[PDB]
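Okay, so here's the structure we're looking at.
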Amino acid sequence: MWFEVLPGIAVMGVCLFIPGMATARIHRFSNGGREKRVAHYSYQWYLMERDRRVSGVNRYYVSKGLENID
Amino acid sequence: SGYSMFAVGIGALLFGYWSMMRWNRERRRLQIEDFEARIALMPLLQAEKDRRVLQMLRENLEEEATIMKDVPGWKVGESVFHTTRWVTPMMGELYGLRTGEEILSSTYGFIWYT
Amino acid sequence: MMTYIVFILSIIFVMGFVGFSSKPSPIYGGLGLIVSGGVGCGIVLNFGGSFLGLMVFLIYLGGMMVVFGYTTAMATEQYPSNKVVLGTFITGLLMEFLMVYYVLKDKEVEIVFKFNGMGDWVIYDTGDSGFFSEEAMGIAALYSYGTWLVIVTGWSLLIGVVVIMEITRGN
Amino acid sequence: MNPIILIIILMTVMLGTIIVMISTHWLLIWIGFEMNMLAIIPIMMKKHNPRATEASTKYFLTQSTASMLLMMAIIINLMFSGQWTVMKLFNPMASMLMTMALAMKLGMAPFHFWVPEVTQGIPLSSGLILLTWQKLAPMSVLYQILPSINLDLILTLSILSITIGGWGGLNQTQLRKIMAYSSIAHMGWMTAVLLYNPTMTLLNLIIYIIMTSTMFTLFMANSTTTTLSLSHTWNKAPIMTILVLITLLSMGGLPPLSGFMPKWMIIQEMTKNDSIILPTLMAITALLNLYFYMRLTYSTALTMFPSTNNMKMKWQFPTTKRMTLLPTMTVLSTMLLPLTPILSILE
Amino acid sequence: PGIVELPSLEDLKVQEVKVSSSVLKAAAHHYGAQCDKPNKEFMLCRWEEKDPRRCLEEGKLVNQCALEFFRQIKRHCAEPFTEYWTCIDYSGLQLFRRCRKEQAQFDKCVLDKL
Amino acid sequence: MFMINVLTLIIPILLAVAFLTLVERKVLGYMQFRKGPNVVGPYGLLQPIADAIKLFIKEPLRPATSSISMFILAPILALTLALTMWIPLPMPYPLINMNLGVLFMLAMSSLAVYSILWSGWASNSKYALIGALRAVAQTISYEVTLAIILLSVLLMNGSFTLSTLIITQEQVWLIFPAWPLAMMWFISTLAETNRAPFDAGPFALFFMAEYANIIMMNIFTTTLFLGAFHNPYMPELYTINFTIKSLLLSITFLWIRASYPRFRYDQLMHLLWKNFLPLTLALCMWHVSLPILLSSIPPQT
Amino acid sequence: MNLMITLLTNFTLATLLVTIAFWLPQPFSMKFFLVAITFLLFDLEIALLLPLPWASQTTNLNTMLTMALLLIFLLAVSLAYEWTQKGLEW
Amino acid sequence: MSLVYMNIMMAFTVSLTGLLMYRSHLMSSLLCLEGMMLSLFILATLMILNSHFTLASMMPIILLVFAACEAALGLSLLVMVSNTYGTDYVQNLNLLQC
Amino acid sequence: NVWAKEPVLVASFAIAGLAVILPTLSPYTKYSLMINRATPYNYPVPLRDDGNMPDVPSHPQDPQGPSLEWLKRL
Amino acid sequence: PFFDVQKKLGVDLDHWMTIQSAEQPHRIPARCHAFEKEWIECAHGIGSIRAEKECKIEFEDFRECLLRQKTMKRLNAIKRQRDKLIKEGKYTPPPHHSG
């Protein structure tokens, strides 16, 4: 019956299971554990630009908050 | 079963419409909160923008005053326009003599990021 | 691999227009116009250009070249290149290269104009805080302002339908 | 070709001309010219002969490249001082391309190679509507953009239009090519005045449209394509003879008849400038374009060609068409000499 | 034509608010509550007279108001404001609907001690 | 690392196509009474990979020295469309966050129609070319219906951005406020994948283009009308339930491939125009006139 | 240009695959015509319609309701016109 | 002067000469007219984008829909010409003489 | 009648007729216009001090101005 | 003729697509807004010829806002002089990121 066809469907579903998990792993890996900041509009990009400017390392994932005031 | 199938289809349809209506109104509440965020946040960013563009303008006028001392004519800060108003700079007045990396990050950065 | 990407895409755009303006076989002309439309979409998207440039790609390379190649193929074929076409393509390429050289090693180029020779990353906007995607709200008019405009546009489309059926044997 | 469909298509021709007239924006000008094209194609091919097909093809290619040249001129206008108003332009190159687009649109002498061909292979109703409306509607646009035109453009095209529409025209025995060359001569006569006083241009447009309506109505009353058929219409009925006589002599522009009010008032408000050699050259060519009218009249109603019989059989059956408006347009087109102070009806 | 006048860097140096975008977006409504009474002088100046190099004094005043507001939120209640902005940080585009528990915690904190 | 993201997109899709071939053949074998074949390879996997290398290494009987440029551009376009068009599809976090992607999907569908036309012209002036011209017509007459239906089902999103689509699909699905519109969209996907009931080389690569186009339309279906609740700091749950729904809908796509006869072309065009196209118009004007009825216009940000 | 990077990588992969696959073997109907033009015209009206969801929020919703219903109603008028006038048949 | 405008106007003149001089075909001429349409579309759209002139962004989409239905009319006329003949040459239109 | 000849067309005309008629008679269209109007895209600008208006409140917490409440009040 | 049923009926069908500085859908400006506002308020009730001979200065100001011809000319001359003196060999320049 279908007891023998579920391995083929299972391995093809694993082939549809790897790429989104690898993409999410690389987004978490390439932003310091953060989700990737999307930029739909010009406002979020200007806010992201001043984010990457106030880092000092010219990288927008550090985000260096609340201990830079004193 | 045709009348009953028609009835259960229209019933599930109307249930979907009612739930979608309720979720869209709560979604509009959250979008108005996003507008509150951008409104209350704005003047600080406007002040930083003004200070940064005036800083690049003063720097670039001093750079021009160094770089053009070997030509006839040429005052150092010549307004192209006739009327004396603060016209918005064109990113060439801002991002000039910068050589590549920062001008590609600043001009075309939003267009081929995201 | 440098800053002049709008200029490079404009050069390959003119390459494609010459490549089908040298009068080839019409299916090769359709291929050249497909290449030209793709790189022109790239140009208008690099000015950004989010909505409308890819919008028209659905129409111009989504709803036109199909019918063009369709009526190209089913009408006539004329299976055989010719030296006049290759000569015109060489003259077009030479005009392209001469214009590129006199943009590069000069200041200005005059047909009757003064083109400042540098790739235009400037002029361009100084990053204004939109939060509404200006051209998308632009095209999000025609419906609260476009009273007369969409009426005459749809009217001409209805007349286009009745004209096509009349010429192709109304009724 | 249902009557509802014909009423719809004629209403769209009316709507295209109204959108050309009425708007203060360039997009509706282009849409008006374009809708006028798209609607005026199936007034042609009302028959199904390949003559009308090839004529509509030629007209479509020339008309469409004129429309695209117009759009090029408007986009150059927005490259310069940027607004979509119908006023003075801001580039001699843009005005150059735009006047060449409208010159292809309504016919000048480097551009007129589509006009006799497209009038040859079509019926008379389609020729009537294309001549009247297609030479009416862009005159409004030239009237609106007249303060920003290089003069050598208009005046070279007008001189050349009058002399080529005169010279080409002494060699055609067809009716429609004679009427097309006459149209080219009157486009030249309207265009040469346009930078001086445009009231003369609009009044000449009114007079030429009334004259062409009388001419094509007197050819719709009796189906004729050659002058031999005009002599057989001498034989069948006598009033058509004298009205072809009077309307041909009013196309010629003779002083007691009402075809002289367009030419002579143009001479007046041309020579109140210091242009004299140009009026005498234009009016000697106006002497030239009367000869084919006169040989037409000698064929119709002054000599009498011998006619085939079966007119003996045609005599029992009277001319039972309906005319569009023949007698009113005839007496208004030919007996309107002493009302020249209806010049000032127009401002 | 008449050349332009620009202020030099003897005046264009206020100590910037050197926090990033995440915490500055997260701290929006209370920034609108306590402060942003004198920013509308700056914004009215900017909208009436379309000239930066004119309203920069009020830009300095709104910048020191923002810096004093963040100093006050550092001194008083609380420490889990750090928890709040690091909770809104990693949520992609910053929805105000994901991390709402700590928003309630922060509101109870600020109602207790401020 | 971005080219590594490209490679981890495009390596699994080829394995996905070949194992889709084994899955469709064996589930035909367990719907119709042919319990097999599974002898070559344990549970039938070495037979698809050997089938791929067989279509690689097959003797040509070579007819293919006609019109080099068109003959090299048709399969390259079909395969580059089918292999590049999983990029805006939001498997949990998409590869490129395009601001508008569904119109991009429709544009690439029309470019696949171009590749079909190029192969038809390269088929050398034949009754096969006339059949390919009819295939072009029955492929082009559904990008009207699919675009208008897609328009009305994204009208409840408000924007094209498709992350707003994954926002909208959390409370209920998008199958319940539009079940007939989704039904007609599913029939339009059956038409666009050019398979039953709606019906030279490299045949393996046009085969590749067909099956990657099918899995694209199924993943686009599973995003567009179905799905699970996305959770941040846990994307693997959304990956699991998204893959399960896409697999179940692909098996149902096979389950409709098996048990229906083909349609005559008169019936196909009559079917499309005189049954779908007024009903699409009516459902679309009702989905236009519903947000003014319910005070629910979606927030374009 | 990052999608240009993706597109260039996939084009090079597909081109190397096809070059390995090719360098290592080791009359007319008018009824066919009208469908394409009818596609062309209705797809142009689709291009008019489909910026409706970007438009769905404005101050004057009744004007948008009126003109959007006029657009789809004209599309239905043209479709029903060629339906009644026996055009698209076989 | 925004250098890309120079090459796009150059491309316009290229497509215009390709429209005007043409041999023994009409489909290629109409296809070059379509290319000229694309040139006008791209040129006007880069202008409207760089000028932030947002309310009159209807020019590119309306230009292209209207000139697309022009192209549809031209294709129907080409099909009628090839229906009343065998081919669609610029030749064999020599009747209806000047 | 016509339900047995072409049923899907008649169903389409019926749902189309309710799509034409029904947006008039509704208790929500004025609510739609209020929700759609009262979302601020741009900055609500301050203005010059006094014409002694009994409006335009000086504090964003002051309830002397026109605000929305029916988002929360269903 | 230029008929004005446009003005007689009181319908604003063609006065919003037309010019800049109108009411945009969201109340946003243009790039060269105030230049056209001053130019139009210069040449409003003027007969289009002494509008040329009197409102020319603001018109050239608006044109050099629109295309930015002379400003790009100035930027081009700056870069060419930069090139000739860096080829001459004076001050490999630290104005970028420093002084």
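Neighbour counts are summed over all protein chains in view; Cβ atoms, including those assigned to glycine, are modelled from backbone coordinates with ideal geometry. A short reminder: the numbers here are calculations on the coordinates, not readings from a lab.
Can you tell me which residue among F:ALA147, F:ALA132 is of a type in the set (A, V, I, L, M, F, W, C), under 24 Å from F:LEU181 (Cα atoms) and either away from chain A (no Cβ under 14 Å) or surrounded by fewer than 21 Cβ atoms within 10 Å (Cβ to Cβ) (or both)?
Details: F:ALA132 fails: under 24 Å from F:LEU181 (Cα atoms).
Of the residues listed, the single one that is of a type in the set (A, V, I, L, M, F, W, C), under 24 Å from F:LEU181 (Cα atoms) and either away from chain A (no Cβ under 14 Å) or surrounded by fewer than 21 Cβ atoms within 10 Å (Cβ to Cβ) (or both) is F:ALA147.
Does D:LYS88 count as among the basic types (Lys, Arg) and more than 22 Å from D:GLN120 (Cα to Cα)? Quick ask: steps written out before the conclusion?
On the way: among the basic types (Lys, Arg): yes; more than 22 Å from D:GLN120 (Cα to Cα): yes.
Criteria met by D:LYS88.
For the range D:28-49, indicate whether the set of residues that are outside any loop (DSSP other than H, G, I, E, B), polar (S, T, N, Q) and more than 9 Å from every other protein chain (Cβ to nearest Cβ) is non-empty. Spell out how you get there, then give the answer.
First pass over the range D:28-49, keeping only residues outside any loop (DSSP other than H, G, I, E, B): D:28-40.
Narrowing the set further to residues that are polar (S, T, N, Q) leaves D:36.
Then drop every residue that is not more than 9 Å from every other protein chain (Cβ to nearest Cβ), which leaves D:36.
Checking the range D:28-49: at least one residue is outside any loop (DSSP other than H, G, I, E, B), polar (S, T, N, Q) and more than 9 Å from every other protein chain (Cβ to nearest Cβ).
Could you say whether any residue in the range D:286-297 is farther than 26 Å from D:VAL193 by Cβ and more than 20 Å from the chain's Cα centre (by Cα)?
Looking through the range D:286-297, at least one residue is farther than 26 Å from D:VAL193 by Cβ and more than 20 Å from the chain's Cα centre (by Cα).
Among (1) surrounded by 11 or more Cβ atoms within 10 Å (Cβ to Cβ); (2) more than 10 Å from every other protein chain (Cβ to nearest Cβ), where does I:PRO66 come up short?
(1)
Go through the range F:73-87 and give me each residue that's more than 9 Å from every other protein chain (Cβ to nearest Cβ) and under 18 Å from F:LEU162 (Cα atoms).
F:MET85
Select, from G:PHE39, G:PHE11, G:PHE33, G:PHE28, the only residue that is in contact with a helix residue (DSSP H, G or I) (Cβ under 8 Å, 6 or more places away or on another chain), assigned to a helix (DSSP H, G or I) and surrounded by fewer than 19 Cβ atoms within 10 Å (Cβ to Cβ).
Answer to the check: G:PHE11.
Mind telling me which of the residues C:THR153, C:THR147, C:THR168, C:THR126 ends up being farther than 19 Å from C:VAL44 by Cβ and crowded, with 22+ Cβ neighbours inside 10 Å?
Criteria check complete, one pass: C:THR153.
Has the range J:60-75 got any residue that is in a loop (DSSP other than H, G, I, E, B), of a type outside the set (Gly, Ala, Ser), more than 10 Å from chain C (Cβ to nearest Cβ) and more than 30 Å from A:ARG53 (Cα to Cα)?
At the first step, the residues of the range J:60-75 found to be in a loop (DSSP other than H, G, I, E, B) are J:67-68.
Narrowing the set further to residues that are of a type outside the set (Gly, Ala, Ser) leaves J:67-68.
Filter once more, keeping what is more than 10 Å from chain C (Cβ to nearest Cβ): none.
The answer is no, given that none of the residues of the range J:60-75 is in a loop (DSSP other than H, G, I, E, B), of a type outside the set (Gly, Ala, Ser), more than 10 Å from chain C (Cβ to nearest Cβ) and more than 30 Å from A:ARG53 (Cα to Cα).
Being away from chain J (no Cβ under 14 Å), under 22 Å from J:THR18 (Cα atoms) and out of contact with any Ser or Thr (no Cβ under 8 Å at 6 or more places or on another chain) is the filter here; which residues of the range D:56-74 pass it?
Matches in the range D:56-74: D:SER67, D:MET68, D:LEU69, D:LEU70, D:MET71, D:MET72.
Here are F:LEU271, F:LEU277, F:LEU281, F:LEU248: which of them is hydrophobic (A, V, I, L, M, F, W, C) and either within 14 Å of chain B (Cβ to nearest Cβ) or closer than 30 Å to C:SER133 by Cβ (or both)?
F:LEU281
Report yes if some residue within the range D:180-193 is farther than 29 Å from D:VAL141 by Cα and touching a helix residue (DSSP H, G or I) at 6+ places or on another chain (Cβ under 9 Å); otherwise report no.
Our first condition is that a residue be farther than 29 Å from D:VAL141 by Cα; within the range D:180-193, this holds for none.
For the range D:180-193, residues farther than 29 Å from D:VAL141 by Cα and touching a helix residue (DSSP H, G or I) at 6+ places or on another chain (Cβ under 9 Å): absent.
Right, E:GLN105: surrounded by fewer than 18 Cβ atoms within 10 Å (Cβ to Cβ), farther than 25 Å from I:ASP62 by Cβ and not charged (D, E, K, R) or not?
Judged against the criteria, E:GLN105 is a match.
Give the residue, chosen from J:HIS97, J:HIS33, J:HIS44, that is more than 8 Å from every other protein chain (Cβ to nearest Cβ) and under 12 Å from the mean Cα position of the chain (by Cα).
On inspection, the qualifying residue turns out to be J:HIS33.
Out of the range B:94-114, which residues are closer than 19 Å to B:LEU54 by Cα and either assigned to a loop (DSSP other than H, G, I, E, B) or more than 8 Å from chain C (Cβ to nearest Cβ) (or both)?
Of everything in the range B:94-114, those that are closer than 19 Å to B:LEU54 by Cα and either assigned to a loop (DSSP other than H, G, I, E, B) or more than 8 Å from chain C (Cβ to nearest Cβ) (or both) turn out to be B:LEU94, B:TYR95, B:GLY96, B:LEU97, B:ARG98, B:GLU102, B:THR107.
Only residues that are of a type outside the set (A, V, I, L, M, F, W, C) and either assigned to a helix (DSSP H, G or I) or more than 20 Å from F:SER246 (Cα to Cα) (or both): list them for the range F:75-110, please.
Residues of the range F:75-110 that are of a type outside the set (A, V, I, L, M, F, W, C), as a first pass: F:75, F:80, F:84, F:88, F:90, F:92-94, F:97, F:99, F:101, F:109-110.
F:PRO75, F:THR80, F:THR84, F:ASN97, F:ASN99, F:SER109, F:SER110 - these are the residues of the range F:75-110 that are of a type outside the set (A, V, I, L, M, F, W, C) and either assigned to a helix (DSSP H, G or I) or more than 20 Å from F:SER246 (Cα to Cα) (or both).
Conditions: (1) buried (at least 18 other Cβ atoms within 10 Å of the Cβ); (2) more than 18 Å from the chain's Cα centre (by Cα); (3) within 8 Å of chain C (Cβ to nearest Cβ). B:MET91 meets all but one. Number of the miss?
Among (1) buried (at least 18 other Cβ atoms within 10 Å of the Cβ); (2) more than 18 Å from the chain's Cα centre (by Cα); (3) within 8 Å of chain C (Cβ to nearest Cβ), B:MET91 violates only (2).
Give E:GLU102, E:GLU83 a once-over and let me know the one that is more than 11 Å from chain B (Cβ to nearest Cβ), assigned to a helix (DSSP H, G or I) and touching a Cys at 6+ places or on another chain (Cβ under 7 Å).
None of the other options fit; the residue is E:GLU102.
Any residue in the range G:68-90 that is facing another protein chain (nearest Cβ under 7 Å) sitting within a Cβ distance under 9 Å of a residue that is acidic (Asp, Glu)? List the pairs, counting only those 6 or more apart or interchain.
Sorted first by the residue in the range G:68-90, then by its partner, the pairs are G:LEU71/G:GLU45; G:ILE72/G:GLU45; G:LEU74/G:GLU45; G:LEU75/G:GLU45; G:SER78/G:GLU45; G:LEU88/G:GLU82; G:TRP90/F:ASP266.
Examine the range A:26-46 for a residue that is surrounded by fewer than 20 Cβ atoms within 10 Å (Cβ to Cβ), farther than 23 Å from F:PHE242 by Cβ and more than 8 Å from every other protein chain (Cβ to nearest Cβ), and state whether such a residue exists.
Taking every residue of the range A:26-46 in turn, at least one turns out to be surrounded by fewer than 20 Cβ atoms within 10 Å (Cβ to Cβ), farther than 23 Å from F:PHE242 by Cβ and more than 8 Å from every other protein chain (Cβ to nearest Cβ).
Quick check on E:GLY92: is it in a helix (DSSP H, G or I) and closer than 19 Å to A:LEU47 by Cα?
Spelling it out, it is not the case that E:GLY92 is in a helix (DSSP H, G or I) and closer than 19 Å to A:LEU47 by Cα.
Table: residues versus (1) more than 22 Å from G:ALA21 (Cα to Cα); (2) of a type in the set (S, T, N, Q).
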{"site": "F:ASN5", "(1), (2)": "yes, yes"}
{"site": "F:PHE19", "(1), (2)": "no, no"}
{"site": "F:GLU24", "(1), (2)": "yes, no"}
{"site": "F:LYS58", "(1), (2)": "no, no"}
{"site": "F:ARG62", "(1), (2)": "no, no"}
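Of the numbered conditions (1) assigned to a helix (DSSP H, G or I); (2) surrounded by fewer than 23 Cβ atoms within 10 Å (Cβ to Cβ), C:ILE111 satisfies every one except a single condition; which is it?
It is condition (1) that C:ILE111 fails.
So which pairs qualify, if the first residue must be in the range F:201-223 and within 11 Å of chain G (Cβ to nearest Cβ) and outside any helix (DSSP H, G or I), the second must be aliphatic (A, V, I, L, M) and surrounded by fewer than 22 Cβ atoms within 10 Å (Cβ to Cβ), the Cβ gap must be under 6 Å, and the two must be at least 6 apart or on different chains?
Once the first residue is within 11 Å of chain G (Cβ to nearest Cβ) and outside any helix (DSSP H, G or I) and sits in the range F:201-223, its partners that are aliphatic (A, V, I, L, M) and surrounded by fewer than 22 Cβ atoms within 10 Å (Cβ to Cβ) give F:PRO202/G:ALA21.
Among the listed residues B:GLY11, B:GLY73, identify the single one that is assigned to a helix (DSSP H, G or I) and over 28 Å from C:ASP125 (Cβ atoms).
B:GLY11
Is the range B:69-87 home to any residue that is within 14 Å of chain C (Cβ to nearest Cβ) and acidic (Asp, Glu)?
The answer is no; no qualifying residue exists.
Matching residues to (1) under 25 Å from H:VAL4 (Cβ atoms); (2) surrounded by fewer than 22 Cβ atoms within 10 Å (Cβ to Cβ):
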position	(1), (2)
H:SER51	yes, yes
H:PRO60	yes, no
H:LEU64	yes, no
H:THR87	no, yes
H:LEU93	no, yes
H:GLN97	no, yes
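Which residue pairs have Cβ atoms under 6 Å apart, sit 6 or more places apart or on different chains, and have a first residue in the range D:149-171 that is over 17 Å from D:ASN197 (Cα atoms) and a second that is of a type in the set (A, V, I, L, M, F, W, C) and not in a helix (DSSP H, G or I)?
Matching pairs, first to second residue: D:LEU157/D:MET108; D:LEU160/D:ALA109; D:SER161/D:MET108; D:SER161/D:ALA109; D:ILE164/D:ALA109.
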